[PDB]
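Chemist: As input, take query-v8.txt (compact mmCIF, C-alpha atoms and all ligand atoms):
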# COMPACT_ATOMS: atom_id res chain seq x y z
CA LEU A 267 77.86 87.78 126.33
CA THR A 268 77.76 85.63 123.09
CA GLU A 269 80.63 83.33 122.00
CA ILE A 270 81.14 85.88 119.10
CA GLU A 271 81.76 88.98 121.25
CA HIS A 272 84.34 86.95 123.25
CA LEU A 273 85.99 85.96 119.87
CA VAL A 274 86.33 89.71 119.06
CA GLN A 275 87.98 90.26 122.49
CA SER A 276 90.51 87.37 122.22
CA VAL A 277 91.46 88.24 118.56
CA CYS A 278 92.17 91.84 119.62
CA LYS A 279 94.09 90.50 122.69
CA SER A 280 96.23 88.08 120.56
CA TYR A 281 96.98 91.03 118.24
CA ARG A 282 97.70 93.57 121.08
CA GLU A 283 100.19 91.06 122.54
CA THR A 284 101.83 90.05 119.21
CA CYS A 285 102.33 93.55 117.90
CA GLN A 286 105.88 94.76 117.79
CA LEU A 287 105.24 98.54 118.14
CA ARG A 288 102.29 100.45 119.65
CA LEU A 289 100.23 102.54 117.16
CA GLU A 290 100.71 105.77 119.19
CA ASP A 291 104.54 105.15 119.31
CA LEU A 292 104.59 104.92 115.47
CA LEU A 293 102.26 107.95 115.15
CA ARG A 294 104.42 110.08 117.55
CA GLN A 295 107.67 109.07 115.71
CA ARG A 296 106.42 110.45 112.28
CA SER A 297 108.46 113.68 113.02
CA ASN A 298 111.74 111.63 113.42
CA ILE A 299 112.76 111.35 109.70
CA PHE A 300 116.21 110.15 108.41
CA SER A 301 118.55 112.96 107.23
CA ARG A 302 120.02 113.03 103.70
CA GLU A 303 123.35 111.92 105.31
CA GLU A 304 121.69 108.91 107.08
CA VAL A 305 119.87 108.05 103.77
CA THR A 306 123.14 107.99 101.72
CA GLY A 307 124.62 106.07 104.68
CA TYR A 308 122.02 103.29 103.98
CA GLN A 309 122.31 103.57 100.15
CA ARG A 310 126.12 103.08 100.32
CA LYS A 311 125.87 99.81 102.36
CA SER A 312 126.49 96.52 100.53
CA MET A 313 123.38 94.69 99.12
CA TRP A 314 124.32 91.82 101.45
CA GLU A 315 124.42 93.99 104.63
CA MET A 316 121.03 95.61 103.65
CA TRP A 317 119.69 92.08 102.96
CA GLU A 318 120.83 90.82 106.42
CA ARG A 319 119.14 93.79 108.15
CA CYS A 320 115.85 93.41 106.19
CA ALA A 321 115.89 89.58 106.32
CA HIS A 322 116.15 89.61 110.14
CA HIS A 323 113.45 92.33 110.52
CA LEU A 324 111.14 90.24 108.23
CA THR A 325 111.79 86.88 110.00
CA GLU A 326 111.06 88.56 113.41
CA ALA A 327 107.82 90.06 111.89
CA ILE A 328 106.75 86.55 110.63
CA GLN A 329 107.51 85.14 114.11
CA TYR A 330 105.07 87.63 115.74
CA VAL A 331 102.40 86.58 113.15
CA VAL A 332 103.19 82.89 113.97
CA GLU A 333 102.51 83.77 117.66
CA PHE A 334 99.33 85.71 116.69
CA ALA A 335 98.05 82.56 114.84
CA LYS A 336 99.03 80.26 117.78
CA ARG A 337 96.80 82.44 120.10
CA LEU A 338 93.74 82.30 117.73
CA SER A 339 90.94 80.10 119.07
CA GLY A 340 90.99 76.73 117.33
CA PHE A 341 94.24 77.25 115.33
CA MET A 342 96.21 74.89 117.61
CA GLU A 343 93.30 72.35 117.34
CA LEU A 344 93.82 72.11 113.53
CA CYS A 345 96.30 69.45 112.30
CA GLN A 346 100.03 70.36 111.72
CA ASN A 347 99.50 70.02 107.90
CA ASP A 348 96.69 72.66 108.00
CA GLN A 349 98.66 74.95 110.37
CA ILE A 350 101.69 74.97 107.86
CA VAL A 351 99.43 75.43 104.80
CA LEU A 352 97.73 78.49 106.43
CA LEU A 353 100.91 80.18 107.71
CA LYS A 354 102.95 79.50 104.49
CA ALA A 355 100.32 81.20 102.33
CA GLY A 356 99.26 83.86 104.88
CA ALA A 357 101.96 84.90 107.43
CA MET A 358 103.75 87.23 104.95
CA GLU A 359 100.38 88.61 103.72
CA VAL A 360 99.70 89.50 107.46
CA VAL A 361 103.19 91.17 107.77
CA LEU A 362 102.41 93.25 104.59
CA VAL A 363 99.03 94.43 106.07
CA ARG A 364 100.61 95.12 109.53
CA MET A 365 103.16 97.32 107.71
CA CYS A 366 100.51 100.04 106.93
CA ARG A 367 100.64 101.05 110.67
CA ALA A 368 104.36 102.07 110.26
CA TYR A 369 103.62 103.92 106.97
CA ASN A 370 103.13 107.75 106.70
CA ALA A 371 100.95 108.74 103.70
CA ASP A 372 101.93 112.48 104.03
CA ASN A 373 105.61 112.03 102.98
CA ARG A 374 105.38 108.35 101.79
CA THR A 375 107.79 107.07 104.48
CA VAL A 376 108.13 103.94 106.55
CA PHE A 377 109.41 103.44 110.08
CA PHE A 378 112.71 101.51 109.65
CA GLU A 379 115.37 101.09 112.40
CA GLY A 380 114.21 103.98 114.64
CA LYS A 381 113.21 106.59 112.05
CA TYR A 382 110.94 107.26 109.07
CA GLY A 383 112.38 106.99 105.56
CA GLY A 384 111.41 106.82 101.89
CA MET A 385 111.79 103.86 99.55
CA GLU A 386 115.19 105.34 98.30
CA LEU A 387 116.71 104.14 101.65
CA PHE A 388 116.53 100.57 100.16
CA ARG A 389 118.47 101.38 96.89
CA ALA A 390 121.37 98.96 97.71
CA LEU A 391 118.92 96.02 97.54
CA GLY A 392 118.39 96.56 93.81
CA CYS A 393 114.72 95.53 93.74
CA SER A 394 113.05 98.92 93.35
CA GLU A 395 109.83 97.62 91.63
CA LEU A 396 109.06 95.23 94.49
CA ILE A 397 109.84 97.93 97.16
CA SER A 398 107.68 100.47 95.21
CA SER A 399 104.76 97.89 95.07
CA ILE A 400 105.08 97.33 98.88
CA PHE A 401 105.01 101.15 99.46
CA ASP A 402 101.95 101.41 97.05
CA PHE A 403 100.08 98.62 98.93
CA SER A 404 100.72 100.40 102.29
CA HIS A 405 99.62 103.74 100.74
CA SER A 406 96.21 102.30 99.62
CA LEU A 407 95.74 100.54 103.02
CA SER A 408 96.54 103.77 104.96
CA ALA A 409 93.63 105.62 103.23
CA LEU A 410 91.23 103.31 105.22
CA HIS A 411 92.66 104.68 108.56
CA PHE A 412 92.28 101.09 109.95
CA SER A 413 91.66 100.98 113.67
CA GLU A 414 93.69 98.49 115.80
CA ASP A 415 90.67 96.19 116.24
CA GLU A 416 89.84 96.24 112.47
CA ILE A 417 93.44 95.37 111.53
CA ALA A 418 93.35 92.50 114.16
CA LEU A 419 90.12 91.01 112.79
CA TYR A 420 91.05 91.46 109.11
CA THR A 421 94.53 89.84 109.59
CA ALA A 422 92.88 86.85 111.40
CA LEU A 423 90.71 86.44 108.26
CA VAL A 424 93.87 86.72 106.00
CA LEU A 425 95.29 83.71 107.95
CA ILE A 426 92.08 81.65 108.44
CA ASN A 427 91.05 81.01 104.83
CA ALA A 428 89.54 77.64 103.76
CA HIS A 429 90.33 78.37 100.04
CA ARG A 430 94.16 77.71 100.46
CA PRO A 431 95.19 74.71 98.28
CA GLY A 432 96.40 71.64 100.20
CA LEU A 433 94.19 71.60 103.29
CA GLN A 434 93.30 68.18 104.85
CA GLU A 435 90.46 69.25 107.23
CA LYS A 436 88.82 71.97 105.03
CA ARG A 437 85.58 71.85 107.14
CA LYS A 438 87.42 72.50 110.47
CA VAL A 439 89.01 75.57 108.72
CA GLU A 440 85.61 76.71 107.35
CA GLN A 441 84.14 76.72 110.91
CA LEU A 442 87.00 78.94 112.19
CA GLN A 443 86.58 81.24 109.14
CA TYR A 444 82.75 81.64 109.43
CA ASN A 445 83.06 82.57 113.11
CA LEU A 446 85.77 85.22 112.34
CA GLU A 447 83.68 86.68 109.44
CA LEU A 448 80.69 87.07 111.84
CA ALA A 449 83.02 88.61 114.45
CA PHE A 450 84.46 91.08 111.89
CA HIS A 451 80.96 91.93 110.41
CA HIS A 452 79.41 92.22 113.96
CA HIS A 453 82.24 94.57 115.11
CA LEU A 454 82.05 96.81 112.03
CA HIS A 455 78.25 97.19 112.56
CA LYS A 456 78.68 98.07 116.32
CA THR A 457 81.24 100.81 115.34
CA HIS A 458 79.54 102.07 112.15
CA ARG A 459 82.56 101.13 110.06
CA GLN A 460 80.91 98.64 107.55
CA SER A 461 81.96 101.17 104.82
CA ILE A 462 85.60 99.80 104.86
CA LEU A 463 84.29 96.43 103.45
CA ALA A 464 83.95 97.99 99.92
CA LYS A 465 87.42 99.64 100.43
CA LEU A 466 89.35 96.41 101.35
CA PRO A 467 92.02 95.26 98.82
CA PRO A 468 90.97 92.46 96.37
CA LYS A 469 92.13 88.90 97.48
CA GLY A 470 94.27 88.55 94.31
CA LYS A 471 96.19 91.84 94.99
CA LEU A 472 97.51 90.64 98.37
CA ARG A 473 98.30 87.07 97.14
CA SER A 474 100.12 88.45 94.02
CA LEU A 475 102.23 91.03 96.02
CA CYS A 476 103.08 88.36 98.64
CA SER A 477 104.09 85.70 96.03
CA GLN A 478 106.43 88.28 94.31
CA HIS A 479 107.88 89.36 97.71
CA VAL A 480 108.54 85.82 99.06
CA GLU A 481 110.05 84.71 95.71
CA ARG A 482 112.49 87.67 95.83
CA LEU A 483 113.32 86.78 99.52
CA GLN A 484 113.89 83.20 98.36
CA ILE A 485 116.33 84.43 95.61
CA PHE A 486 118.30 86.47 98.29
CA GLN A 487 118.26 83.56 100.77
CA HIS A 488 119.71 81.29 98.05
CA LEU A 489 122.57 83.82 97.29
CA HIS A 490 123.32 84.93 100.91
CA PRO A 491 121.57 82.63 103.47
CA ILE A 492 120.75 83.99 106.97
CA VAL A 493 120.37 81.80 110.09
CA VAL A 494 117.19 81.94 112.11
CA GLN A 495 116.22 80.08 115.33
CA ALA A 496 112.88 78.58 114.13
CA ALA A 497 109.73 79.27 116.25
CA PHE A 498 107.71 76.72 114.18
CA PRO A 499 110.35 74.24 112.81
CA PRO A 500 108.08 72.30 110.26
CA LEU A 501 106.99 75.71 108.76
CA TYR A 502 110.66 76.89 108.64
CA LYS A 503 111.77 73.80 106.56
CA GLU A 504 108.90 74.37 104.01
CA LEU A 505 110.19 77.97 103.35
CA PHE A 506 113.99 77.57 103.84
CA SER A 507 113.98 74.29 101.72
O1 LIG B 1 109.62 79.21 112.39
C1 LIG B 1 110.11 80.34 112.18
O2 LIG B 1 110.73 81.01 113.05
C2 LIG B 1 109.93 80.92 110.80
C3 LIG B 1 110.44 82.18 110.47
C4 LIG B 1 110.27 82.70 109.19
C5 LIG B 1 109.56 81.97 108.21
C6 LIG B 1 109.23 82.59 106.90
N1 LIG B 1 110.20 83.17 106.20
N2 LIG B 1 109.60 83.67 105.04
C7 LIG B 1 110.38 84.37 104.11
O3 LIG B 1 109.89 84.77 103.06
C8 LIG B 1 111.82 84.68 104.46
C9 LIG B 1 112.11 85.69 105.38
CL1 LIG B 1 110.81 86.49 106.20
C10 LIG B 1 113.42 86.05 105.67
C11 LIG B 1 114.46 85.37 105.05
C12 LIG B 1 114.20 84.35 104.15
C13 LIG B 1 112.88 84.00 103.84
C14 LIG B 1 112.63 82.92 102.83
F1 LIG B 1 112.26 83.41 101.66
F2 LIG B 1 113.69 82.16 102.62
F3 LIG B 1 111.65 82.07 103.20
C15 LIG B 1 108.24 83.39 105.01
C16 LIG B 1 107.25 83.68 104.08
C17 LIG B 1 105.95 83.25 104.31
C18 LIG B 1 105.64 82.54 105.46
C19 LIG B 1 106.64 82.28 106.37
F4 LIG B 1 106.32 81.59 107.48
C20 LIG B 1 107.96 82.68 106.20
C21 LIG B 1 109.10 80.71 108.58
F5 LIG B 1 108.46 79.96 107.65
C22 LIG B 1 109.26 80.18 109.83
Would you mind writing the file's structure down as structure tokens?
Ligand SMILES: O=C(O)c1ccc(-c2nn(C(=O)c3c(Cl)cccc3C(F)(F)F)c3cccc(F)c23)c(F)c1
Modeler:
Amino acid sequence: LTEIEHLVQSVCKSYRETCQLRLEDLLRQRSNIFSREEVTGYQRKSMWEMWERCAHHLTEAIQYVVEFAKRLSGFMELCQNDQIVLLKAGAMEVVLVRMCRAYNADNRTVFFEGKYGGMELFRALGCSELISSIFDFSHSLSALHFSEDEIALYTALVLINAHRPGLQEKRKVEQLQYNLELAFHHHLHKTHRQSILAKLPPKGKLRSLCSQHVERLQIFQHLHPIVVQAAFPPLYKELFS
């Protein structure tokens, strides 16, 4: 009925449509785990081949988040400067949250290229601390057993944040943010899930993990650049220098 319950519906719709894999497909594939032969197969690959595989998977993930943002009510009505500022700071933070869906807390594995595997699968990359921190973030997020609607509403709030430095129309961003906070709060009350609010990761944790991740991606892109057909060209030039 209210403009808020419709907001919940459209945010969940944008998310349902911009998801790469279905939650039940990832849950049913938890049995399909890489063999020790397939693991060594990945470990023996060049850093540069592993980088190309991961770089493409991560650019495609960002592109789905870009589409998710495009479909959020009022995002397109914000100015290009504000759209870049939000996506630059938040798109990879959304990808990192989304990642908990493809993470199995039982054996500490992630769904990568058709099967589940441990962090050792990424050895050739030579950035074990960063990969361990990503696996740790997904492990803490998985303990919340986030529903699909909760992850949709929370990721919208990760993106729509008026506190990002460099915004031109801060007030137009605040209005979008306040409506999404009401929508998230309203939904958690309706479903008796307000208890996750105290369990959500601190703002600084996500920002800190994301800044470390993107800077490492930026080091690899400098050393071995990949080519990507840009979905949002002005965003692409701000990240790919
Ligand atoms: O318009 C597009 O299609 C588009 C696609 C990807 C990005 C993007 N890349 N990105 C990387 O960290 C990244 C990735 Cl995922 C792989 C290899 C190289 C990079 C690099 F570090 F170079 F940016 C991002 C980090 C945060 C926010 C982003 F928006 C991006 C982008 F800005 C635009």
Chemist: Using only C-alpha atoms, which residues of range 272-307 of chain A come within 12 Å of range 399-416 of chain A, and what is the closest atom pair for each, with the distance in Å to one decimal? Give it as a Markdown table, sorted by chain and residue number.
Modeler:
| residue | atom | partner | partner_atom | distance |
| --- | --- | --- | --- | --- |
| A:273 | CA | A:415 | CA | 11.8 |
| A:274 | CA | A:415 | CA | 8.3 |
| A:275 | CA | A:415 | CA | 9.0 |
| A:276 | CA | A:415 | CA | 10.7 |
| A:277 | CA | A:415 | CA | 8.3 |
| A:278 | CA | A:415 | CA | 5.7 |
| A:279 | CA | A:415 | CA | 9.3 |
| A:280 | CA | A:415 | CA | 10.7 |
| A:281 | CA | A:415 | CA | 8.4 |
| A:282 | CA | A:414 | CA | 8.3 |
| A:283 | CA | A:414 | CA | 12.0 |
| A:285 | CA | A:414 | CA | 10.2 |
| A:287 | CA | A:414 | CA | 11.8 |
| A:288 | CA | A:414 | CA | 9.6 |
| A:289 | CA | A:414 | CA | 7.8 |
| A:290 | CA | A:414 | CA | 10.7 |
Chemist: Show me, as a list in words, the residues that have an atom within 9 Å of residue 497 in chain A when counting all atoms listed in the file, minus same-chain residues fewer than 5 positions from it.
Modeler: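 These residues fall inside the cut-off: residues 329, 332, 333 and 502 of chain A.
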Chemist: Just want the residues within 9 Å of ligand LIG 1 (chain B), written as a VMD selection string, counting all atoms listed in the file.
Modeler: chain A and resid 317 to 318 320 to 329 331 to 332 350 352 to 359 476 to 477 479 to 488 491 to 507
Chemist: Could you jot down the CA of residue 335 in chain A to CA of residue 432 in chain A separation for me, Å, one decimal place?
Modeler: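 One can read the CA of residue 335 in chain A to CA of residue 432 in chain A distance as 18.3 Å.
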Chemist: Would you compute the distance between CA of residue 340 in chain A and CA of residue 440 in chain A? Give it in Å to one decimal.
Modeler: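 One can read the CA of residue 340 in chain A to CA of residue 440 in chain A distance as 11.3 Å.
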Chemist: Pick from A:464, A:296, A:472, A:291: nearest to residue 382 in chain A, with all atoms listed in the file counted?
Modeler: A:296
Chemist: Would you mind telling me which residue in A:455, A:462, A:490, A:443 lies nearest to residue 338 in chain A when using all atoms listed in the file?
Modeler: A:443
Chemist: Looking at all atoms listed in the file, which of A:433, A:345, A:363, A:377 is the one that sits closest to residue 419 in chain A?
Modeler: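 Answer, going by the shortest atom-to-atom distance: A:363.
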Chemist: Work out how far apart CA of residue 361 in chain A and CA of residue 341 in chain A are and give it in Å to one decimal.
Modeler: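 About the pair CA of residue 361 in chain A and CA of residue 341 in chain A: they are 18.2 Å apart.
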Chemist: Under the rule of at most 9 Å, produce a per-residue listing of range 350-407 of chain A near range 305-314 of chain A: chain, number, name, the closest pair of atoms, and the distance in Å, as JSON lines, using only C-alpha atoms.
Modeler:
{"residue": "A:383", "atom": "CA", "partner": "A:305", "partner_atom": "CA", "distance": 7.8}
{"residue": "A:384", "atom": "CA", "partner": "A:305", "partner_atom": "CA", "distance": 8.8}
{"residue": "A:386", "atom": "CA", "partner": "A:309", "partner_atom": "CA", "distance": 7.6}
{"residue": "A:387", "atom": "CA", "partner": "A:305", "partner_atom": "CA", "distance": 5.5}
{"residue": "A:388", "atom": "CA", "partner": "A:309", "partner_atom": "CA", "distance": 6.5}
{"residue": "A:389", "atom": "CA", "partner": "A:309", "partner_atom": "CA", "distance": 5.5}
{"residue": "A:390", "atom": "CA", "partner": "A:313", "partner_atom": "CA", "distance": 4.9}
{"residue": "A:391", "atom": "CA", "partner": "A:313", "partner_atom": "CA", "distance": 4.9}
{"residue": "A:392", "atom": "CA", "partner": "A:313", "partner_atom": "CA", "distance": 7.5}
Chemist: Name the closest residue to residue 300 in chain A among the candidates A:268, A:478, A:375, A:339; distances are taken between atoms, counting only C-alpha atoms.
Modeler: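 Ranked by minimum distance to residue 300 in chain A, first place goes to A:375.
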Chemist: Is there a way to get, as a ChimeraX atom specification, all residues within 10 Å of the point (80.8, 91.1, 120.3) in file coordinates, counting only C-alpha atoms?
Modeler: /A:267-275,448-453,456
